[PDB]
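Written below as structure tokens is the structure these notes are about.
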Amino acid sequence: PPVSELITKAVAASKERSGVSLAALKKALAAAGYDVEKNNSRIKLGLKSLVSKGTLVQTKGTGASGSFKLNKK
DNA sequence: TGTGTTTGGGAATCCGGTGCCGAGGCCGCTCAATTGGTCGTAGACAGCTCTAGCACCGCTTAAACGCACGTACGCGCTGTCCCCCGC
């Protein structure tokens, strides 16, 4: 399954008012058996694609270093 | 979500009493500083030599300088996780 679903599912499972950090996303995907080490660069890209698709709102920071929430709009 | 100000409250500080022991003074003594004198020599001074430090010049080339260009490291920001702190 593509990493955009795994990320969206992790952000939905950890839904809050702040927003899953990249470190929490790493932890959730690793707990989901996804190798976050080798494919970290893929994650940053896929995450960026999800922000560029507007599917994730950046709530703090800039780019992948930030916190993110599912764009309910 | 943020922050100027509030206010009871522990913690450091000030003040007065007090008492106690060491610092300051006094005395008797002694031994080390002082006086005077002799004598030896350490070094102050003159004087002489020669070396090695300074100033200069010219030439070559290697290093320093300025500049273009790119990337990688420093630094700021965010997050988390845990391990020292206060009690």
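Identifiers in the structure tokens: chain A, B, ... in order shown; residue index from 1 per chain; ligand index from 1 in order shown.
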Would you mind listing, as a count of residues only, all residues of chain A that have at least one atom within 12 Å of chain B, where only C-alpha atoms (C1' of nucleotides) are what counts? 18
Identify all residues of chain A in strand (DSSP E) (DSSP on the backbone) and supply them as an MDAnalysis selection string. chainID A and resid 20:21 56:60 67:70
